[PDB]
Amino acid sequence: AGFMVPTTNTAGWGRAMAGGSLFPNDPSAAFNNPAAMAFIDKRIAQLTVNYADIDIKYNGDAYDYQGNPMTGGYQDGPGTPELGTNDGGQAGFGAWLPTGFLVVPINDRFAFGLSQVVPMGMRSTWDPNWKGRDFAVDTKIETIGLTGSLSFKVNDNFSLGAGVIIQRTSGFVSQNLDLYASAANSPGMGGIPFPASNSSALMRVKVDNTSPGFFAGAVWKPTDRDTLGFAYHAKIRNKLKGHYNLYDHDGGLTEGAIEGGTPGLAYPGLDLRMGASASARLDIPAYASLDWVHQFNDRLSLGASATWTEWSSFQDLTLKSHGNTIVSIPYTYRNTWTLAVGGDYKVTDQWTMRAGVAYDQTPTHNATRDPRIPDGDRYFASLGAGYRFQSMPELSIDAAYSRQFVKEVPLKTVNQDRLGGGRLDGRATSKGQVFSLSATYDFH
């Protein structure tokens, strides 16, 4: 799932998101499939808080543009003590992810939905002096959105839904730049095999953006036992804006070159500075999901779900400055599928148990996968439980645990000329687990 995150509540996490938001009176419908809101008979307010623990590691090699094993370079440029390098260490993280849903039926035909969601999120921080520093150091992306939706009941077996999401994305990327290595491979300054890791500066890009998105859905209940749903979330145009700066620890090599205007001579059309304003498109991919919930009896309900994400829109990551390209990195993500199956079982009038599993394809591919987002296909295994209060005017608590088994993937990353011409040869191992807890208030 690259850097897209499931936008559900604890109950959803408990069943690996199977059935989407089609289970009875699930406030998450306010965003996931607004149409299902037409079948929620009362006011519901819900808050979810997840903690995601992600483990990321690299095992392998890295080479400079001349085929030499990468080294740790120098403390502060030629003449200073040589530094050692490393495997990057643990690049994973632990993060909190809140989610809120509110559903308010208006008429016997209309319902209103409000929600706070986190559509996008990823993070990887490799030790600054690791062997793959020419490809990545830090990567941080998070998208939080506020939503408003409306549902319209056409029949007692069909309804439609539509909504708008106001999204805010913040992004950060840091990566080592080796000007001498870039020059050696340039169309204007090549010829001399400058040694690698003599010049070095940390490139840092910080950008943000707020823009609107639209989504819609439809629900069809053929047999009171079966609830089918189709939801579509359109791609969200998202041009991130901010700045970039280079933190040189070169003994003055990098700044001397830049102030000397040598970069533009190496790569005509390039206007690199020690710092400047910047932009980078990072559209939130469109996706569609088909959900089906079948109630076998008064205690067992199962759900199946298939989501097609149009990750193909993420063709490249291009850093621009004043409308001009600084560097364009191809990623050519592939469209993806995510299948889930799971369900709920009411043990008593108070207790309910959940479980589920899902298969989620990674949009990354071998030719372009790098250390920023080194994921692979994942298998999701979830367990959940819910408790409705005895002496309460309707307050339910839910818990969930979810483990994500990610397959070990290869990294064969090659850097283009202006990025130093180096390459990686290894594999990333990742692991993920989520703890979820929510409180649902059925005030009505």
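Throughout, we count residues from 1 along the sequence that is shown.
The mean C-alpha temperature factor is higher for 37-45 when 37-45 and 410-418 are set side by side. As recorded in the PDB entry, 150-158 is the stretch of 362-370 and 150-158 with the greater mean C-alpha temperature factor. When the C-alpha B-factors of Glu255, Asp138, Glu310, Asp76 are read from the PDB record, the largest value belongs to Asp76. Comparing the listed residues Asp208, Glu142, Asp226, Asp178, the entry records the largest Cα B-factor for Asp226. Remark: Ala381 belongs to the middle third of its chain, ranked by C-alpha B-factor as recorded. The PDB entry assigns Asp55 a C-alpha temperature factor belonging to the middle third of its chain's modelled residues. Split the chain's modelled residues into thirds by C-alpha temperature factor. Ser28 is in the middle one. Ranked by C-alpha B-factor against the other modelled residues of its chain, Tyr387 falls in the highest third. In this PDB entry, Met70 carries a Cα temperature factor that places it within the lowest third of its chain's modelled residues.
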